[PDB]
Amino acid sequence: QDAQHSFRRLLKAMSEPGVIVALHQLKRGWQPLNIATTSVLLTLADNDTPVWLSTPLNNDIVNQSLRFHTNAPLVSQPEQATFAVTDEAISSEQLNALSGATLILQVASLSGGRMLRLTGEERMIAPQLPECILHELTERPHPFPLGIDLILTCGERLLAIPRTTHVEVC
């Protein structure tokens, strides 16, 4: 798909938190970045938006792909990120460093986790998330607009949970 396609689908996901959309702006992701993360980065990042990749996703091939296709500054630490890309090993420390940034969290499934109710009319989803991310979403310790916007990606699919969404467990 073209870039405009990616932009519209990402808008839709952001507009309707928890709805899953598919983005496929190239045939393969810059592995281990999935196709949705890669497409989000092609869509939003450029020379003005530093990107920080956590250690598991930070390798020379990923860095080279991202530099060539986006020219975003690839920063060594989360405190300077406009876009953070991690997997579910993201630590509480790194999360707190991102308050805020947009966190593209790669997950190995968008289902099969603890049930969440999203409001802000409700939507139910159940992605698998690390406890630090669940805490952030359910407690919202940082006043608007200091916290992260979250984009969860898996394969070519994604859903968004903007910082303004209310999230509950139960």
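In case it trips you up, residue 1 is the first one in the sequence shown, and so on.
J.: Can you count the deposited residues that have no coordinates between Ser99 and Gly100 and report it as none, 1 to 3, 4 to 9, or 10 or more?
T.: Gap size class: 4 to 9 residues without coordinates, per the record.
J.: Would you mind checking whether any residues of the deposited sequence sit unmodelled between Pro56 and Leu57, and how many (none, 1 to 3, 4 to 9, 10 or more)?
T.: In the deposited sequence, nothing is left without coordinates between these two.
J.: Would 61 to 69 or 24 to 32 have the larger average of its C-alpha temperature factors, as given in the entry?
T.: Comparing 61 to 69 with 24 to 32, the higher average CA B-factor belongs to 24 to 32.
J.: Select between 103 to 111 and 140 to 148 the stretch whose C-alpha atoms have the higher average B-factor in the entry.
T.: According to the entry, 140 to 148 carries the higher average C-alpha B-factor.
J.: Select lowest, middle or highest to describe the third in which the CA B-factor of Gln128 falls within its chain in this entry.
T.: It falls in the bottom third of the chain.
J.: Which third, lowest, middle or highest, does the C-alpha temperature factor of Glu88 belong to within its own chain?
T.: Middle third by C-alpha B-factor.
J.: Please say which third, lowest, middle or highest, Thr38 falls into when its CA temperature factor is compared across its chain.
T.: Tercile = lowest for this residue's CA B-factor.
J.: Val19's Cα B-factor: lowest, middle or highest third of the chain?
T.: Ranked within chain, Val19 CA B lands in the middle tercile.
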